[PDB]
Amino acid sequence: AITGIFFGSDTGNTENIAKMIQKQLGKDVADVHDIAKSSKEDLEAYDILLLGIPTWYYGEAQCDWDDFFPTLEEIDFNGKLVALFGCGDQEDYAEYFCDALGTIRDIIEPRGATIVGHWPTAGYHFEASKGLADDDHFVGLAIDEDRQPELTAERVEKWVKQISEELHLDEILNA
């Protein structure tokens, strides 16, 4: 498949988003992988990567992703298209809201990743986040199953539609 979805998850929320995204892109278009069982080679096997990472323990990367970080740093993302997604709690962790999105961005961006999927901070109620691209945009899709679960369906659909356009899955696959 042209797209490789790699995720990390402790309670299943980001695991579910990864599967919602694949279901929307079609399993023929996207492969789903748990970073916990993944290799450096798995990521290098795709030129379009969708990385899902929730934030835990006050601004930390999900443990499995944290374990993989030294390996991710060895990869060259120059020539690769990457979109980011992850979950967080904007009420209990208002000052660490989806920080991991910025942490992983800090790894793949300097290494060449062409990132697509920036998402507006509008509609969210948080105080601080390391996962911002600019003043009013997260660097990727921020999902909150604890405080705004009612908005997940709508959020995933538009973001997937959005990144398909930015990735041009229309042309790459058939045009």
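When you see a residue number, it is the position in the sequence shown, counting from 1.
Once the C-alpha B-factors are averaged per stretch, 60-68 and 123-131 rank with 123-131 first. In this entry, 23-31 has the higher mean Cα B-factor, the comparison being between 23-31 and 36-44.
Looking at the C-alpha B-factors along this chain, the one for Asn78 belongs to the highest third.
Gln162: CA B factor in the highest third of modelled residues in this chain (values from the PDB entry). In the deposited entry, the Cα temperature factor of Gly140 sits in the middle third of values across the chain's modelled residues.
Residue-level temperature factors show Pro110 in the highest third of its chain, judged at the C-alpha atom.
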